[PDB]
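Here the structure comes first, spelled out in structure tokens, and everything after it is commentary.
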Amino acid sequence: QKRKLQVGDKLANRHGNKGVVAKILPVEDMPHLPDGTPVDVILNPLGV
Amino acid sequence: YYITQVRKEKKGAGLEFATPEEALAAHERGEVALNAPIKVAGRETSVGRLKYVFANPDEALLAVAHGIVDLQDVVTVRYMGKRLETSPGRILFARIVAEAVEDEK
Amino acid sequence: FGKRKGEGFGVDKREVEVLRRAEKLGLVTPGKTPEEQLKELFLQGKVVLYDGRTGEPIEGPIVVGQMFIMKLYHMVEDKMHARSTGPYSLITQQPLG
Amino acid sequence: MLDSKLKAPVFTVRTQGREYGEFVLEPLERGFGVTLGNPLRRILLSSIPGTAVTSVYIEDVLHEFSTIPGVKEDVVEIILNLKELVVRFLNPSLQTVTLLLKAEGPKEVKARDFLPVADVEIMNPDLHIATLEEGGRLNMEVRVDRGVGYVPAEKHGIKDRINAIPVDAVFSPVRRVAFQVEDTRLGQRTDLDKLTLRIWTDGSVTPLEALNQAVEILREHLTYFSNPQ
Amino acid sequence: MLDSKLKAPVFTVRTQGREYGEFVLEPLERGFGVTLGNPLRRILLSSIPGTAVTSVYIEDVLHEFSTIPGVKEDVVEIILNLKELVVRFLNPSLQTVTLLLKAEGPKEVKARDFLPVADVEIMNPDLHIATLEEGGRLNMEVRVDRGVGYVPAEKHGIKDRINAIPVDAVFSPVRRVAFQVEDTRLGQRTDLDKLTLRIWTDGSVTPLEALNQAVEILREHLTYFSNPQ
């Protein structure tokens, strides 16, 4: 079975920032750069 | 937090408006120039308070939305019975709570 | 930003706006041109970002970039266990699955 | 109609007086309440053009930081109270109206004390301008204009009389805007946007009127996409 | 017209192909380029309709996780490359079009290898479907539909042939949106908003078309403020 990323899943960089997906946002409204390229994932600073 | 903090930028020329009237004018124009900031260490009122005075509560934030005053900037405002020298953000926090529970006072 | 120059346009009201708040912060050398300021601000690893929901900018430069990220395996426990009624141990009469 | 079109934005309204007015509208697809409320808000505050005190001239006063004898309030508190004044002219012919007022002695000066002007109306009569003691001489000319948004007194710098002092521009009958996008459940799919925007107004216009004007300005702007070049 | 109305949004367009299309419009009052570009953007990505591979049927293959002899790619990589395929039909009469393709032996299978269909066009000819070695037998039927947004293959579950396998729906014809609000100087006042929005598209529709559809969805929504309650 194919497992597409979902809210229950947990991803983490090689440094240790571990975390779970809490919301899949519509590309519609998430943080976008001046040129229309939007961001894929928004990491909280407080965990740093 | 970030919404209620106030800022302080550059102290170069005199910070004395407590007394001279030439002090209001000169440090207002010099501020308009590049020498005095909107948040300068000048006891009574940094020119940032000199420039903007807000009558009603709302008046304050509108200026913020239009790009006149950042939330963390030091400005003067007229609340219930006092002329209070408090920043936008701080004034806004006030409302959040004042609204959460309507017993404003 | 080079392509941005040639492609035909310059700087936003928004782009300048975040700059104002950025210099009052201390990220950009006051007095330089927005073009020059953004370079500075970029070198710092952060760039201007607009909300997306409102289209307004996010007061203060935010960092962004290519971060590698892996997905972690879901253990059998991950399978959220919800039980209404079911088996029961033979000697101890407490619920068993 | 019955299926997708009957399933249409149920425009519901709740308005008390001319100041407050809530407006609910649902169902909406994904992330549209936001797509609509936000623009309307931006319009509701800048575009519903309005009126505000743009300049003042006290006859004996030269600078804004002065105090008038027999007058409890100082120039700065009065020019502030004028920002509170809400007027209403009826037609374009009135771009800049100078309201005049002169009062002497033991009288309280309210906005109703301004000499009436033909096409102009003062919705803020009982507002408090000043408290005059004895030998209290206050004769002023307060300018009024029709504009949009907020304009610092520094930005315009009006010059009717050389000893006059500019005032900051508060141009909108709309006091504040607020919209919420809460989920609503409609049978099949749960993901649904419910847009409800609360509008406040000084009284000049009404929340409903405001909103309508708003949507129009947007519409009119959507048409400007007509002739390519 | 001559003064304020002739001074109107000069709609200028620049479009190459059906993918890219820049759209400039100025002058605009204060903070409107943002007021307009943002909503359009939100619309341009969520609201517009397109085309995407909704189902596939390899003749000897039963499940999606199989591998075909003489074929380097595996079923999963291929159904994936199909998602990359961009088609374009010309009229409503074409809701679901089944594209057919069969190739054998030492040939590379590209999208141009699909047998032509009357009212349908493939903008993605040179896309790579597979690499066939020898005795390489690949005969498939890939469905194509007109829809909106993203629809997981799980959600629709298409059933043309029992051994077929659904594919995830990638319907917004719009790849990416981008708008800039640079200052423009027009005679008297400098504060001016210049709105230019760059739109990209898979080819199904065109930037211009897209934009038009967009503004309409907005307009249609501004009318939903009609009947109070």
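Note on naming: chains are A, B, ... as they come in the structure tokens, residues start from 1 per chain, ligands start from 1 in the order shown.
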inquiry  = Which residues are close to segment 6-21 of chain A, i.e. within 7 Å by only C-alpha atoms, leaving aside same-chain residues fewer than 4 positions away? Reply as a list in words.
reply    = residues 68, 69, 70, 71 and 72 of chain C
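When the distance limit is 10 Å and only C-alpha atoms are what count, the residues near segment 37-44 of chain C, minus those fewer than 6 positions from it on the same chain, are residues 1, 11, 15, 16, 19, 22, 23, 27, 28, 29, 30, 31, 61, 62 and 63 of chain C.
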ask   = Got a sec: who's within 7 Å of segment 35-44 of chain A, counting only C-alpha atoms, leaving out chain neighbours fewer than 6 positions off, as a VMD selection string?
value = chain E and resid 176 to 179
request  = Mind listing the helix (DSSP H, G or I) residues of chain E, per DSSP on the backbone, as JSON, numbers by chain?
outcome  = {"E": [33, 34, 35, 36, 37, 38, 39, 40, 41, 42, 43, 44, 45, 46, 75, 76, 77, 78, 79, 80, 81, 82, 83, 111, 112, 113, 153, 154, 155, 156, 207, 208, 209, 210, 211, 212, 213, 214, 215, 216, 217, 218, 219, 220, 221, 222, 223]}
Selection near segment 105-111 of chain D, 8 Å with only C-alpha atoms, sequence-local residues under 4 positions removed, as a PDB file with N, CA, C and O atoms, in the first residue's frame:
```pdb
ATOM      1  N   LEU D  85     -14.837  64.903  15.697  1.00  0.00           N
ATOM      2  CA  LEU D  85     -15.989  65.491  15.014  1.00  0.00           C
ATOM      3  C   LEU D  85     -16.315  64.787  13.696  1.00  0.00           C
ATOM      4  O   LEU D  85     -15.447  64.602  12.835  1.00  0.00           O
ATOM      5  N   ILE D 122     -23.883  68.327  10.749  1.00  0.00           N
ATOM      6  CA  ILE D 122     -23.029  67.853  11.833  1.00  0.00           C
ATOM      7  C   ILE D 122     -23.755  66.775  12.649  1.00  0.00           C
ATOM      8  O   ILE D 122     -24.735  67.056  13.343  1.00  0.00           O
ATOM      9  N   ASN D 124     -22.310  65.098  14.990  1.00  0.00           N
ATOM     10  CA  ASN D 124     -21.670  65.157  16.309  1.00  0.00           C
ATOM     11  C   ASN D 124     -21.944  66.519  16.999  1.00  0.00           C
ATOM     12  O   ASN D 124     -20.999  67.223  17.318  1.00  0.00           O
ATOM     13  N   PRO D 125     -23.220  66.900  17.260  1.00  0.00           N
ATOM     14  CA  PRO D 125     -23.509  68.204  17.895  1.00  0.00           C
ATOM     15  C   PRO D 125     -22.992  68.348  19.345  1.00  0.00           C
ATOM     16  O   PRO D 125     -22.231  69.274  19.653  1.00  0.00           O
ATOM     17  N   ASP D 126     -23.415  67.442  20.227  1.00  0.00           N
ATOM     18  CA  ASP D 126     -23.067  67.492  21.655  1.00  0.00           C
ATOM     19  C   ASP D 126     -21.593  67.230  21.968  1.00  0.00           C
ATOM     20  O   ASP D 126     -21.220  67.282  23.138  1.00  0.00           O
ATOM     21  N   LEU D 127     -20.758  66.940  20.973  1.00  0.00           N
ATOM     22  CA  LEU D 127     -19.337  66.692  21.245  1.00  0.00           C
ATOM     23  C   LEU D 127     -18.741  67.905  21.961  1.00  0.00           C
ATOM     24  O   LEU D 127     -19.137  69.049  21.694  1.00  0.00           O
ATOM     25  N   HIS D 128     -17.794  67.657  22.862  1.00  0.00           N
ATOM     26  CA  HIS D 128     -17.210  68.725  23.656  1.00  0.00           C
ATOM     27  C   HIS D 128     -15.931  69.319  23.091  1.00  0.00           C
ATOM     28  O   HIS D 128     -14.901  68.662  23.022  1.00  0.00           O
ATOM     29  N   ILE D 129     -16.013  70.586  22.695  1.00  0.00           N
ATOM     30  CA  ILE D 129     -14.858  71.279  22.145  1.00  0.00           C
ATOM     31  C   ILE D 129     -14.053  71.940  23.261  1.00  0.00           C
ATOM     32  O   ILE D 129     -12.834  71.704  23.379  1.00  0.00           O
ATOM     33  N   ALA D 130     -14.724  72.754  24.083  1.00  0.00           N
ATOM     34  CA  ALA D 130     -14.017  73.442  25.157  1.00  0.00           C
ATOM     35  C   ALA D 130     -14.939  74.008  26.242  1.00  0.00           C
ATOM     36  O   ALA D 130     -16.166  74.066  26.107  1.00  0.00           O
ATOM     37  N   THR D 131     -14.295  74.417  27.328  1.00  0.00           N
ATOM     38  CA  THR D 131     -14.946  75.032  28.463  1.00  0.00           C
ATOM     39  C   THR D 131     -14.358  76.431  28.668  1.00  0.00           C
ATOM     40  O   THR D 131     -13.205  76.585  29.087  1.00  0.00           O
ATOM     41  N   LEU D 132     -15.165  77.443  28.351  1.00  0.00           N
ATOM     42  CA  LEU D 132     -14.770  78.844  28.455  1.00  0.00           C
ATOM     43  C   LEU D 132     -15.228  79.438  29.800  1.00  0.00           C
ATOM     44  O   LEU D 132     -16.399  79.329  30.172  1.00  0.00           O
ATOM     45  N   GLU D 133     -14.290  80.064  30.515  1.00  0.00           N
ATOM     46  CA  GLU D 133     -14.514  80.653  31.845  1.00  0.00           C
ATOM     47  C   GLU D 133     -15.165  82.061  31.805  1.00  0.00           C
ATOM     48  O   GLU D 133     -16.390  82.183  31.876  1.00  0.00           O
ATOM     49  N   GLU D 134     -14.340  83.104  31.706  1.00  0.00           N
ATOM     50  CA  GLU D 134     -14.767  84.512  31.633  1.00  0.00           C
ATOM     51  C   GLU D 134     -13.790  85.234  30.730  1.00  0.00           C
ATOM     52  O   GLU D 134     -12.612  84.874  30.721  1.00  0.00           O
ATOM     53  N   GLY D 135     -14.240  86.239  29.980  1.00  0.00           N
ATOM     54  CA  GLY D 135     -13.315  86.900  29.074  1.00  0.00           C
ATOM     55  C   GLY D 135     -12.652  85.865  28.177  1.00  0.00           C
ATOM     56  O   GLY D 135     -11.504  86.009  27.732  1.00  0.00           O
ATOM     57  N   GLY D 136     -13.405  84.792  27.938  1.00  0.00           N
ATOM     58  CA  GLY D 136     -12.933  83.703  27.108  1.00  0.00           C
ATOM     59  C   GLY D 136     -13.248  83.971  25.660  1.00  0.00           C
ATOM     60  O   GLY D 136     -14.408  83.915  25.254  1.00  0.00           O
ATOM     61  N   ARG D 137     -12.211  84.263  24.882  1.00  0.00           N
ATOM     62  CA  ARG D 137     -12.390  84.572  23.473  1.00  0.00           C
ATOM     63  C   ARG D 137     -11.819  83.488  22.556  1.00  0.00           C
ATOM     64  O   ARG D 137     -10.598  83.347  22.393  1.00  0.00           O
TER      65      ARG D 137
END
```
